[PDB]
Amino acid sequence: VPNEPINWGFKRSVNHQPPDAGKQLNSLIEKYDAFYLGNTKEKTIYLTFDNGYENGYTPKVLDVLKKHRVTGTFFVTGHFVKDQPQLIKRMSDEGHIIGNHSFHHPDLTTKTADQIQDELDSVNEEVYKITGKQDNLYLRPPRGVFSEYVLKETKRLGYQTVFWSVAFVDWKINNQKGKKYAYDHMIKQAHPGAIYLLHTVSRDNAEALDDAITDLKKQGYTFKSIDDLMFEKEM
């Protein structure tokens, strides 16, 4: 209404400057409740993760975040929550934010309002069964696919749609390139206000992250959460 499919994408950050999705996406983003950047006026980075399934490394990622005292926002699917309740419980117990990546991870633009409501509510329902808690409502569309209609409808349901400004190929299981590949991207693409989208399924991703946080802090970056981002802009 319009329900024209749009893929979240952007020219990567260069020279450590925030990237720009274009005047077209920027407008849509403002029109509804959504963002891909935090406060670009300060040297801050916000870490987010997409979690659809487990490959053995999320516990180490949680250990790394705890070590650095950093808060992550984990966008989870129905499958992930049902397959890994203990990890879901650790995210909650250790101060992180659990975001909604939808139950079945469908292309939301192909779903009715009614369906969308169940796709999102069912994830919170299961998370609550596990934690007895419920975070502020954040949504990341599956495959980054959305439309004006999906934005309008999810806003009406109380969700803040969260995109990203830094992402790389750390989700290909048949070609896990190791620590350096991931670490170098996290350093090179860094910029003020950056919202990083990371996966936790690739070989050594936790170690790369540990090194990246260590060196990004050394550079003067501070890591804040998606809740901080929302509250701080509110003022």
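Numbers follow the displayed sequence, beginning with 1.
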Mean C-alpha B factor from the entry: is it higher for 64 to 72 or for 38 to 46? 38 to 46
Between 25 to 33 and 180 to 188, name whichever shows the higher mean Cα B factor according to the PDB entry. 25 to 33
Could you check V123, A113, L87, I98 and tell me which one carries the biggest Cα B-factor in the deposited entry? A113
Per the entry, which of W164, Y149, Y138, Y128 tops the list for Cα B factor? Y149
Lowest, middle or highest third: where is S92 by C-alpha B factor in its chain? lowest
Split the chain's modelled residues into thirds by Cα B-factor; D83 lands in the lowest
